[PDB]
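>>> Turn this into a model:
(7 chains)
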Amino acid sequence: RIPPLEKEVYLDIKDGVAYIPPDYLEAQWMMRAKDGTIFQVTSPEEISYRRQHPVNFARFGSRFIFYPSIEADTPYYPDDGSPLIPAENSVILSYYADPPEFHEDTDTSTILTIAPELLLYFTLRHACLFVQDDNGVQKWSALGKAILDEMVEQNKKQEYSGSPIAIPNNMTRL
Amino acid sequence: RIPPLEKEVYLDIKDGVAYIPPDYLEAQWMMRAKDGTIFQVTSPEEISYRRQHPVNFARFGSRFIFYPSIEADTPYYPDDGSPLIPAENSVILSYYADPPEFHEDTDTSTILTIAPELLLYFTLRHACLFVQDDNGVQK
Amino acid sequence: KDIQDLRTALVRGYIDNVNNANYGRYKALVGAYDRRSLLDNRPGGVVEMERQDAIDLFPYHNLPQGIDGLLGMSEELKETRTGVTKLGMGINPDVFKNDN
Amino acid sequence: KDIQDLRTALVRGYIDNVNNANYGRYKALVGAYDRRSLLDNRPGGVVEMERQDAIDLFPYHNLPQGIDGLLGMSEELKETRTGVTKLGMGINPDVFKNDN
Amino acid sequence: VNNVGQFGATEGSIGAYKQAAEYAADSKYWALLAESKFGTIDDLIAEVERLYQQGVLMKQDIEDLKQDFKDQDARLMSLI
Amino acid sequence: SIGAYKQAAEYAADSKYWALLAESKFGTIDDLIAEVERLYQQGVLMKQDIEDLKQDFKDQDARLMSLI
Amino acid sequence: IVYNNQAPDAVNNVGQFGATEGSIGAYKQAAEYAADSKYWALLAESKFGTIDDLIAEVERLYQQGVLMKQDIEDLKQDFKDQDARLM
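Numbers count the residues shown, from 1 in each chain, chains lettered A, B, ... in the order given. What follows is the structure:
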């Protein structure tokens, strides 16, 4: 999980719901194009209550729910064809996406530009599986894992990097 | 992470969206040239509150957000010069940047001026990987 | 003026403490919760699957001994650099003219 | 106005604490319970099969020391920025005319 | 060219180039500036142009005025 | 408002969709340049010509004045 | 100390924001189109800068001055001729 495979996207809320993208793996922040107003997540066992008696959304199979029963509209798109006049009422989501399998020679991905040796060792792994030179397996695997952890740490030392955090004293009026 | 690869740089905010440079890896301090003043970092979940009801900022994908609608500025892209005399309201960034991959024999990098044996050993590593001499690898 | 500033800093520092503490956040290890269950708060059930140390009250600070005592001193210092006292008897013309 | 806001925040913060705590949720490890038995609450039986540490009272927060003391201060501050006191004697025309 | 000092250099970044969205915004900036200019000054030019076009219309009108007036007062001096 | 982060290839098309307005409006600009140029030329010519005209005209007028 | 005004040249070979081998064309084409738009806006101030200041000013300025001259000349000529012939 890292940025380069992240994605911005608008949704198409019809009524407090929306269907999940095929390409979705894992979610990070969602909110509105305007004002921010970050959503947070909860379970049905709570949201259903909040219906009986901020924002809350949850996961029902292939569907997203939202309590306050929202409406967003995906952009107006095309016509002359210069921009995507985004819609007011739009909420935007950030989610990690399943990258495409190459299925082509000249094809490429951010990875190779970045960290190919990774792919190299990790596939050599299953190769040395095809034919039983295990010790090589162990070596390849260890190295792949080491590389990978280097990466995630590159990211961790990023995601909070700027200055001392400081826990907010968020207190509502009164 | 160390100094020699660090960078000074000015930013163009536009009340938020201020975008992250390609070359970016990790950010140390960040401030204004005006009067000296340090930002600090936080999450969306807080800056958003600051909206509804010091300067903070956060990381929205490839974007930097700042709670107050700041307006530091850069000249627009086609540019023409660069002196700029830093627009009063300029903020400057200190961040570690991805160095360039070598692409030439007479290329160079500080590392070799200072600490080449490092590169030597570490690449010998993957070499002794190419061809199976693992004890050498460990060493 | 001094006393109003000081007591305002103290009560502001006391109120915030009480409020943050009232929040009662529960800290928890990552792979255990059974989020579904925890979020339900109907009298009884949480399945702290695994561990058993997976959920513990967050470590809020105590209040300070000093808030208490200084809030103390200020009260009396008002009540000696001025003649006011929330419990004491007031003057009359007579005693203004003869304290005996 | 201030005092009514403040005491409303405190009692609201006290009531919620007491209610959440009254729920008395029991936390429990995943593979043990004998769910069938636990749900029965007729005087005696639970088969905490296995373990013995499988069920433990959920860690509710304590109340805060400050709720207590500040609920305290406000009471008196009403009773000094106004002449009202829940136990004290009232005035009469006579004492209005002669406190002696 | 120092042994260990980390403060004697800064290996330049990959590139000091912005993320595409800023390039799009800059295109839109130049575009909108130019567009405003066009509309407003085109209205001005056209009307003002048809205007001083009728301007030199009346100009050569008084031009033929002084033509027949010369003509006129040249005949006047011939009389004298 | 706050928009999403489209993939780069889209920002490219957005950037491209600025150049055409510019192109067309430049053509009208050029046509009108040629116009005000023809106008200015005509203007200068007429001006100088009729100016010399009035010059020699008042010359003959003062001649008639001396004759009287 | 610096600005990020330069043009997109390379791709991140480390760093999980920005350019990849499958996106560099987008950056470069965006830069080209932005510079082309500027070319237009600047040439426009020019045509427009030029057009306006230049021709508009030479036209109006001298037409007005020359037509005032016309009034003056005509008046003078007529008056002089008449009065003198009367003499």
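>>> Next, the nearest residue to residue A:110 once chain neighbours are set aside: secondary structure please.
Sequence neighbours aside, residue G:20 is the residue nearest to residue A:110 in space, at 3.6 Å (criterion: C-beta to C-beta, 6 or more residues apart in numbering or on different chains). Using the backbone N, CA and C atoms, a C-beta is placed for each residue, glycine as well. With DSSP: H, G, I helix; E, B strand; the rest coil as the basis, residue G:20 sits in coil.
>>> Kindly tell me how buried residue G:20 is, as a neighbour count.
20 (other C-beta atoms under 10 Å in any protein chain shown).
>>> from what I can see it touches residue G:10, true?
No: the criterion here is C-beta atoms under 8 Å, and residue G:20 misses it with residue G:10 at 11.0 Å.
>>> from chain C, which residue is nearest to chain B?
residue C:25 (14.2 Å; C-beta to the nearest C-beta).
>>> Now for that residue: which residues touch it?
C:57, C:58 (C-beta atoms under 8 Å, 6 or more residues apart in numbering or on different chains).
>>> where's it relative to chain F, distance?
Taking C-beta to the nearest C-beta, to the nearest Å as the measure, residue C:25 falls 30 Å from chain F.
>>> Could you do residue C:31 as well?
31 Å.
>>> what's the closest non-adjacent residue to that residue?
residue C:50 (7.2 Å).
>>> What is the burial count for residue A:30?
21.
>>> quick revisit: now the residue nearest to residue A:110, what are its backbone angles?
phi -130, psi 170 (degrees, to the nearest 10).
>>> ok, now which ones touch it?
For residue G:20, the contacting residues are A:4, A:108, A:109, A:110, A:113, A:114, G:11, G:12, by C-beta under 8 Å, 6+ apart.
>>> need the residues of chain C near chain D, please.
With C-beta under 8 Å from any C-beta of the partner chain as the criterion, chain C comes near chain D at residues C:11, C:14-15, C:17-19, C:21-22, C:24, C:26, C:34, C:41-52, C:55-57, C:62-63, C:68, C:71, C:86, C:90, C:92, C:94.
>>> Those in strands, which ones?
Per DSSP state E, strands hold the following members of these: C:26, C:55, C:56, C:57.
>>> can you pull the contacts of residue A:92?
A:8, A:9, A:10, A:11, A:30, A:31, A:32, A:33, F:2, F:3, F:4.
>>> Would you pull up the residue in chain E closest to chain C?
As assessed by C-beta to the nearest C-beta, chain C sits closest to residue E:19 within chain E, at 32.8 Å.
>>> how near is the residue nearest to residue A:110 to residue B:104?
Per C-beta to C-beta, to the nearest Å, residue G:20 is found 23 Å from residue B:104.
>>> Also residue C:8?
Look at residue C:8 and residue B:104: by C-beta to C-beta, they are 67 Å apart.
>>> one step back: could I get the contacts of residue A:92 in a markdown table, plus columns for secondary structure?
Formatted as a markdown table, those follow (three-state DSSP):
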| residue | secondary structure |
| --- | --- |
| A:8 | strand |
| A:9 | strand |
| A:10 | strand |
| A:11 | coil |
| A:30 | strand |
| A:31 | strand |
| A:32 | strand |
| A:33 | coil |
| F:2 | coil |
| F:3 | coil |
| F:4 | coil |
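>>> Can you name the residues of chain C that neighbour chain A?
Residues of chain C lying close to chain A (C-beta under 8 Å from any C-beta) are C:16, C:19, C:20, C:35, C:36, C:39, C:40.
>>> Pull out the buried residues from the residues you listed.
For these, a burial check counting by 16 or more other C-beta atoms under 10 Å in any protein chain shown picks out C:19, C:20, C:39, C:40.
>>> So which of those is the closest to residue D:2?
Closest approach to residue D:2 among those (C-beta to C-beta): residue C:19, at 15.7 Å.
>>> How about the contacts made by that closest one?
Contacts for residue C:19 were tallied using C-beta under 8 Å, 6+ apart; they are A:171, D:9, D:13.
>>> residues from chain A in reach of chain F?
Going by C-beta under 8 Å from any C-beta, the residues of chain A near chain F are A:7-10, A:31-36, A:80-84, A:86, A:88, A:90, A:92.
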